[PDB]
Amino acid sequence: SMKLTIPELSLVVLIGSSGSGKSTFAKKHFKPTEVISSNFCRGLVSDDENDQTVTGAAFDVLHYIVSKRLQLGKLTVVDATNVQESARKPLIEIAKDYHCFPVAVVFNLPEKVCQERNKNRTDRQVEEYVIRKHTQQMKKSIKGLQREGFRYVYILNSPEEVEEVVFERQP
């Protein structure tokens, strides 16, 4: 298996293009309340998880919930693309404020896999150019993650590696 060690008090930041399987992954490995999703927050503020015009409010809400959880010492997983440094920056800062270990889990999957999954989705889709861009941003992000403040950086390089992941939570 692919064992990923994380401390009991972690902020797990999922990094991946739309279609890379972040939400599917989060549901398999974590409790529902441990996972806070940017799309869910778009729904919380606007009724519409697909409404990009409420992104600002959605991430304000996400960051707020993350802060409340870390204040209470609860492990939290951020289910958003997190492919822009500007998106990861405030998450690292919140983790620092509450002495929480930031962990990066990167879905380094081929653009074509994400595009294929997106084409076959029935829940929500994005345009092809979005996935092309997210994949490029994800790839450019990998080198600098440790320096950004991620204490553990785990890169998953194929669907096979994603499937094999087992988290080892250390108390």
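The numbering used is simple: start at 1 and walk along the sequence shown.
**Prompt:** Which has higher Cα B-factors on average according to the PDB entry: 114 to 122 or 136 to 144?
**Reply:** Averaging CA B-factors over each stretch, the winner is 114 to 122.
**Prompt:** Looking at the entry, does 67 to 75 or 93 to 101 show the higher mean C-alpha B-factor?
**Reply:** So the stretch with the higher mean C-alpha B-factor is 93 to 101.
**Message:** What third of the chain does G149 rank in for C-alpha temperature factor, lowest, middle or highest?
**Reply:** It belongs to the middle third of the chain when residues are ordered by C-alpha B-factor.
**Item:** For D60, the third of its chain into which the C-alpha B factor falls
**Value:** Bottom third by C-alpha B-factor.
**Prompt:** By the record's CA B-factor, is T53 among the lowest, middle or highest third of residues in the chain?
**Reply:** Middle third of the chain for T53's C-alpha B-factor.
**Message:** Ranking every modelled residue in this chain by its Cα temperature factor as given in the entry, which third contains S158?
**Reply:** Highest third, going by the recorded CA B-factors of the chain.
**Request:** Place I15 in the lowest, middle or highest third of its chain's C-alpha B-factors, as listed in the PDB entry.
**Result:** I15: CA B-factor falls in the lowest third of its chain.
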